[PDB]
Amino acid sequence: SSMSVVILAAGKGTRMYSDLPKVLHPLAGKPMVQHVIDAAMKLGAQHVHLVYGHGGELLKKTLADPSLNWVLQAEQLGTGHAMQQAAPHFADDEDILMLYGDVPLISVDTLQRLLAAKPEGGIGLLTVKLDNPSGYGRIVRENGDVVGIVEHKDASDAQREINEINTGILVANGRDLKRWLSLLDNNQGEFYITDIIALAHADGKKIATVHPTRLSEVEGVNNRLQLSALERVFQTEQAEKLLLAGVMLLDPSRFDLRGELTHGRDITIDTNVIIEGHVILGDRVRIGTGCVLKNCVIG
Amino acid sequence: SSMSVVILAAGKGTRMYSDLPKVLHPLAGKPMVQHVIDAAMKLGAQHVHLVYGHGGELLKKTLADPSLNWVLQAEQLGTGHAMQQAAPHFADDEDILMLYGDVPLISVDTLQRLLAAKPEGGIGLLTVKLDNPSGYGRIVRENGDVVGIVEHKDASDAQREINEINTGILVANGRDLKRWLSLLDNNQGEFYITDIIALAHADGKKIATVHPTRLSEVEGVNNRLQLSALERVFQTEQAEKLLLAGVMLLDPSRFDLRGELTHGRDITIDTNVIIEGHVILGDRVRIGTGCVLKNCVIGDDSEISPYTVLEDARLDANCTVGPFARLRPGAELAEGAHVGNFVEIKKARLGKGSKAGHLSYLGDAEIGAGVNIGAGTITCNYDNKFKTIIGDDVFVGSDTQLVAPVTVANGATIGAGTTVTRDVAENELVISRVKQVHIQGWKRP
Amino acid sequence: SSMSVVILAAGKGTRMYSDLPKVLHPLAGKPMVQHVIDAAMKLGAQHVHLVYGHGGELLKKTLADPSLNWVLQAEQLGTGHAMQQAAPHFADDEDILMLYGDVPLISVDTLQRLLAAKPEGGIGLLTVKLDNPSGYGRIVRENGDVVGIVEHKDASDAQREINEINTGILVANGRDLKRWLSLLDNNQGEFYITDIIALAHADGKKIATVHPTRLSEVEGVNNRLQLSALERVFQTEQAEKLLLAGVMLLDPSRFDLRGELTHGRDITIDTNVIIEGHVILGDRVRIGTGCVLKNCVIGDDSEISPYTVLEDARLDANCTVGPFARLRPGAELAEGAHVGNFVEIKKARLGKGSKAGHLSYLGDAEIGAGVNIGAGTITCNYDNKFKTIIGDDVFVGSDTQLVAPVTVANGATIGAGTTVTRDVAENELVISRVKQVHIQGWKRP
Amino acid sequence: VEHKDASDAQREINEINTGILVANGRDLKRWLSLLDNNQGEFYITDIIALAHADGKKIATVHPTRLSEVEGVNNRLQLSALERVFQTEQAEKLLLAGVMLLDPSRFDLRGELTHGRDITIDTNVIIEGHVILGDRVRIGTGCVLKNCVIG
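Sequence order for the protein chains is A, B, C and D.
For the numbering used here, count along the first sequence from 1 and bump the result up by 346.
For the numbering used here, count along the second sequence from 1 and bump the result up by 5.
For the numbering used here, count along the third sequence from 1 and bump the result up by 5.
For the numbering used here, count along the fourth sequence from 1 and bump the result up by 245.
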């Protein structure tokens with residue numbers, strides 16, 4: 347079928363204390379936002395629309411990627427407003443999926459379930475039930491039926507018990523989406539993207555929901571501590587994939603891959619090895635403690 | 006107001022198997038007991054009384070700290086007895102807080118709550134409820150009211166369910182405290198400090214309690230395994246504080262700070278870096294894997310490549326050093342200077358945009374701007390030690406030995422494999438040139 | 006009493022993707038199966054019978070161990086069938102315990118409980134209750150009485166709730182065992198070892214059960230991820246044992262022991278140290294970050310600075326080595342000797358208080374006391390290899406090449422950049438001195 | 246919130262409205278005739294939000310027994326309340342010194358004045374106002390209505 351993505355990446359990463367746009371900050375040595383692009387590419391995303399506020403120039407700079415469709419924005423005034431700015435860019439015959447540049451770990455499977463649980467003329471919505479939901483958007487169901495999202499803000503004591511929350515990731519047809527959008531108000535002062543849920547049950551459409559398989563898939567980065575946790579998660583994952591594919595790591599928690607590792611059979615890698623760029627290792631290679639390999643072929 | 010502290014540190018750290026007094030053992034490179042002193046200082050502690058049994062001499066030795074009031078002790082015979090020995094030292098108008106030298110992680114907030122929940126003419130007592138309380142002192146309340154402490158020892162099956170336990174940390178007015186103390190018995194054979202709780206509800210005073218925010222604040226060290234757990238806790242804490250303040254750590258669980266780190270903005274530190282003493286890093290500095298920095302200033306935009314060691318060294322902006330570089334005290338790099346692999350620098354300055362790329366040793370050297378130090382160059386500066394000086398735009402060929410004192414003026418060039426004993430003049434070339442000698446068809450052994 | 010063991014190790018480690026037999030894969034640098042042998046040895050195991058399918062030749066090869074009794078096997082057709090192949094090998098008067106070559110962490114205590122809870126003419130069976138038992142063999146009890154094992158396969162929804170599962174480890178008398186075995190069927194197509202449980206309650210014998218104290222004792226390795234988890238468990242264990250026995254590890258999760266560590270008192274080991282072979286460390290030794298020590302003796306009070314590698318090397322007391330130093334077999338430091346950065350030592354001795362500080366290679370050398378080896382000194386000892394000898398109080402200038410065989414007597418001095426082919430006499434100075442040649446106003450390319 | 250329009254999340258709210266409440270007559274006159282009919286009817290429920298509206302505080306106490314707020318819509322419900330009411334009366338007489346040989350087979354429909362050490366056997370009914378003196382015995386099955394027994 348036909349499908350495009352939009353990556354929201356316009357806020358101020360104030361708590362990063364950085365002169366570099368938050369989304370450009372690297373995870374396993376590559377911009378958070380490239381992980382999201384990469385994933386979009388893997389979906390078959392026909393076009394990728396990137397919405398940004400400040401940081402514009404060196405955003406499009408540090409991201410060559412001449413294939414992208416950039417979308418300017420006044421000055422962060424509404425997450426929904428942002429979604430309006432790209433609205434005129436959605437073909438009516440294509441699905442439009444919404445992602446965030448600071449949520450780098452969202453897996454394809456979880457998105458390629460979202461795109462299957464989308465009800466014709468409706469929304470596919472990603473959700474997660476939380477241990478402690480003590481500050482997020484509640485998923486408000488009636489008979490287990492999604493009707494709309496409640497901000498932790500205006501949430502009755504009764505609602506605050508709603509474990510299940512909004513990841514902010516969702517789908518919808520481009521036509522239907524153009525619709526639901528520019529029919530929303532500003533009476534925080536901003537426009538909430540939340541609303542198009544009730545504004546969809548409004549005109550009698552069904553909003554389905556799938557869950558990500560890992561909590562980390564929907565973890566957002568606001569600061570470096572958060573990013574470092576995601577780095578570790580990402581590295582543990584890579585390490586376990588290499589272990590299961592036959593590479594011996596003498597300590598997978600002291601291993602780092604920042605790129606690609608092609609390997610043959612019966613390789614041993616000791617502690618504190620870092621692999622950057624693209625490394626090709628043949629059969630029966632041994633890498634001792636502390637080695638750094640970047641863009642190497644080892645026979 | 007007025008407030009003093011007492012640090013108990015008299016027991017035998019037998020399970021440390023050490024010739025060093027337990028409390029002197031370092032946490033993040035500093036004596037357990039100094040963490041406690043430090044904290045006391047941060048309270049405004051007017052005086053600090055330290056009670057010790059054995060280890061006395063090298064205790065007061067390894068702790069200069071001429072500001073402290075030391076208190077000897079017969080030979081560990083009562084934790085309460087210990088508290089008696091410092092009792093005559095408490096002014097009646099001041100609060101007296103009690104801490105232990107082997108509980109290094111106790112936060113100020115937790116103590117500066119204890120000092121607020123102290124009831125006039127009474128005790129402020131720190132407590133913690135335990136997952137498994139299977140061997141500690143129970144807090145015995147009646148209507149939620151603290152009345153006294155029960156040792157796990159003499160504790161009914163019913164009492165043993167009391168989750169909440171005694172940290173051993175508490176407050177009280179110096180006057181009232183002097184009182185409650187020397188009114189206790191020895192009928193374990195010792196005197197329990199526990200008792201002054203009931204001996205306070207005795208004369209109708211109220212004993213309040215606050216809790217520490219982290220369990221680790223009241224963790225005691227009896228052995229090295231315990232100390233290592235606290236080291237990790239302490240390091241995770243520091244690491245998270247640097248992450249939240251804007252420093253990127255590529256793996257905060259493979260990071261160690263043993264001292265102080267002043268930093269600017271957008272710094273990256275890769276895995277397995279250790280920071281000792283006081284390190285100042287400017288904006289946009291990158292530290293690669295495995296580097297150890299001790300008492301260093303690194304200027305904006307410098308890059309420290311993997312496995313580089315620096316101590317008492319200075320880099321201006323835009324310098325590059327490593328991999329496999331060793332900078333010793335006095336090592337100085339001017340703006341945009343480069344030091345490469347297998348290079349050691351001691352009491353030497355390498356001027357603006359100068360390069361020392363490979364296999365060199367530079368000590369006691371003043372080197373100017375735009376200088377090229379070829380691979381294998383050695384300052385042969387030991388015979389005290391003597392000074393080598395090199396001006397701007399000098400080219401030093403590979404495997405040159407500079408025999409100090411020697412001066413090489415600006416624009417001079419030095420051929421490879423040259424020994425330099427005499428001074429070199431501006432733009433002069435010098436080549437230590439011999440004649441290679443030839444045998445034809447030589448049979449190699 | 007009398008007791009033998011059987012180690013099952015015949016399956017295909019397909020999910021290891023390896024050309025090496027699964028059980029030979031190392032845990033802390035030694036074959037999984039050797040951990041099991043080791044343990045068997047510690048039981049007093051009179052004989053050890055090892056059952057294998059493929060991988061035979063290099064199994065018995067990579068395992069010298071001429072003490073073992075090998076048992077071939079058609080081609081993995083029954084875990085019970087395997088147990089049949091060794092059946093004719095069990096003496097009727099001895100107990101026979103069953104272990105698996107890919108379960109390396111099984112402790113002696115757990116086996117030396119199994120061997121105590123064995124009912125005369127019956128089975129001692131190791132079991133574990135699981136958080137999630139969602140695929141293993143259930144232990145089926147009636148009145149808490151073991152009657153037989155159910156495969157997750159054929160297990161009613163009701164049975165699938167049975168937390169307790171089969172480790173596959175068990176005991177039995179050799180006589181009784183020979184019995185229960187060859188009375189089983191093949192009607193998966195194979196023969197299940199499971200059955201001899203019901204086939205024991207059959208002839209009215211009691212099958213007892215003990216549990217291992219740690220889940221990891223019965224963890225099986227099918228792949229490398231699993232093996233790495235066991236490596237970490239094993240290393241944490243070793244690290245904690247060293248901490249409790251008095252060694253300070255600055256981060257026990259970045260420590261690795263692959264062999265044996267004998268140690269004295271008050272040793273500090275910083276992060277990312279690896280210990281291989283057998284290492285002996287004296288009192289008060291310090292090992293810095295990143296060091297690798299293999300088969301070394303380090304004397305009291307020595308300091309090994311960061312990123313130093315040593316193998317088959319010896320340091321007496323008070324030596325200092327590193328950072329960035331490389332000691333190879335035969336490297337020996339006498340009391341208070343120092344080796345610095347970018348220095349390699351091979352079959353060489355550096356005598357009392359001698360120094361080799363920078364950028365040097367010393368092999369096949371006998372160097373005396375109080376000797377100064379200048380920066381960049383090389384024993385040019387390869388043309389077999391020849392011996393260089395240097396007495397006491399010798400000064401060797403920087404970038405000297407010592408061309409062996411050569412002898413430099415006591416008190417001699419050698420100028421910088423000197424090639425030494427001939428012997429040097431007591432207190433003689435030698436300077437390989439040429440003449441530096443001068444061009445004025447030279448235009449550098 | 247009426248059970249009707251109640252989110253799945255709200256439906257977890259255990260605490261419910263008895264429909265009993267207080268308020269000043271002045272304030273009450275106010276809150277009332279400021280309500281709509283847009284079930285078609287006017288809900289008394291509303292004056293709660295229409296009170297938090299003009300910034301007043303609505304407190305709440307609970308009854309000590311569930312039966313205090315039990316409503317009768319049918320006779321089965323009424324019979325349950327009858328039993329509750331009779332158990333209560335019976336227990337009050339037991340605690341005040343009257344022996345009932347089976348307080349679950351006793352019925353008081355009115356008032357019983359009594360003296361000391363009275364025994365009442367099973368299946369006695371007391372109607373109107375009955376006065377019993379000390380040490381009176383009433384056997385099984387008796388019905389007393391508006392009687393004085395010495």
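Beta carbons: idealized from backbone N, C-alpha and C, even for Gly.
8 Å contact criterion, which residue i and residue j should meet: CB distance rounded
i: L407/B; j: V435/B; result: About 11 Å separates the two Cβ atoms, so there is no contact after all.
i: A213/B; j: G327/B; result: That pair is no contact at about 56 Å.
i: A254/D; j: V486/A; result: 7 Å
i: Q419/A; j: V454/A; result: 27 Å between Cβ atoms; not a contact.
For residue i: DSSP bridge partner residues
i: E236/B; result: In the DSSP output, where bridge partners are listed per residue, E236/B has none listed.
i: residue 5/B; result: This structure cannot settle anything about residue 5/B, because the visible part of chain B is limited to 6 through 450.
i: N171/B; result: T132/B
i: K299/C; result: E281/C and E316/C
i: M594/A; result: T614/A
i: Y105/C; result: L13/C
i: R354/C; result: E337/C and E371/C
i: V382/A; result: According to DSSP, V382/A bridges with nothing at all.
i: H54/B; result: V11/B and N74/B
i: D379/D; result: Paired residue(s): none; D379/D is not in a bridge.
Nearest candidate by alpha-carbon position, reference residue i, set the options
i: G58/C; options: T84/C, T172/C, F347/C and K357/C; result: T84/C
i: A322/B; options: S307/B, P328/B and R331/B; result: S307/B
i: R578/A; options: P257/B, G225/B, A207/B and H268/B; result: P257/B
i: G514/A; options: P558/A, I626/A and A501/A; result: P558/A
i: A87/C; options: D388/C, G381/C, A69/C and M103/C; result: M103/C
i: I12/B; options: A92/B, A33/B and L25/B; result: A92/B
i: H374/D; options: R361/D, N368/D, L353/D and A296/D; result: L353/D
i: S9/B; options: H40/B, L68/B, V53/B and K35/B; result: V53/B
i: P450/A; options: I383/A, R484/A and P465/A; result: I383/A
i: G179/C; options: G127/C, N74/C and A96/C; result: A96/C
i: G420/C; options: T132/C, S233/C and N432/C; result: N432/C
For residue i, the three-state DSSP class (helix, strand or coil)
i: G645/A; result: coil
i: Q419/A; result: coil
i: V564/A; result: helix
i: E62/C; result: helix
i: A544/A; result: helix
i: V155/C; result: strand
i: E286/D; result: coil
i: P93/C; result: helix
i: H443/C; result: strand
i: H343/C; result: strand
Practice task
Spell out a yes or no on whether the stretch 18-31 of chain B and the stretch 633-642 of chain A are touching, meaning 3 or more CB-CB pairs, one atom from each, closer than 8 Å.
Solution key: no
Handout entry: Touching by the beta-carbon criterion (3+ pairs, under 8 Å), the stretch 359-370 of chain C and the stretch 378-393 of chain C
Key = yes
Exercise for the section: Could you say if the stretch 517-531 of chain A and the stretch 457-474 of chain A meet the contact criterion of at least three C-beta pairs nearer than 8 Å? Expected result: yes
Practice task
Scan the stretch 370-386 of chain C for residues whose Cβ lies nearer than 8 Å to a Cβ of chain F and list them as they occur along the chain.
Solution key: Structure shown: chain F not included; protein chains present are A, B, C and D.
Exercise for the section: Please determine if the stretch 237-252 of chain B and the stretch 353-364 of chain A are in contact, where contact requires at least 3 C-beta pairs separated by less than 8 Å. Expected result: yes
Exercise for the section: Determine contact between the stretch 407-416 of chain A and the stretch 375-391 of chain A, defined as no fewer than three beta-carbon pairs at a distance below 8 Å. Expected result: yes
Practice task
Check whether the stretch 441-448 of chain C touches the stretch 397-407 of chain C, taking contact to mean three or more Cβ pairs, one atom from each stretch, closer than 8 Å.
Solution key: no
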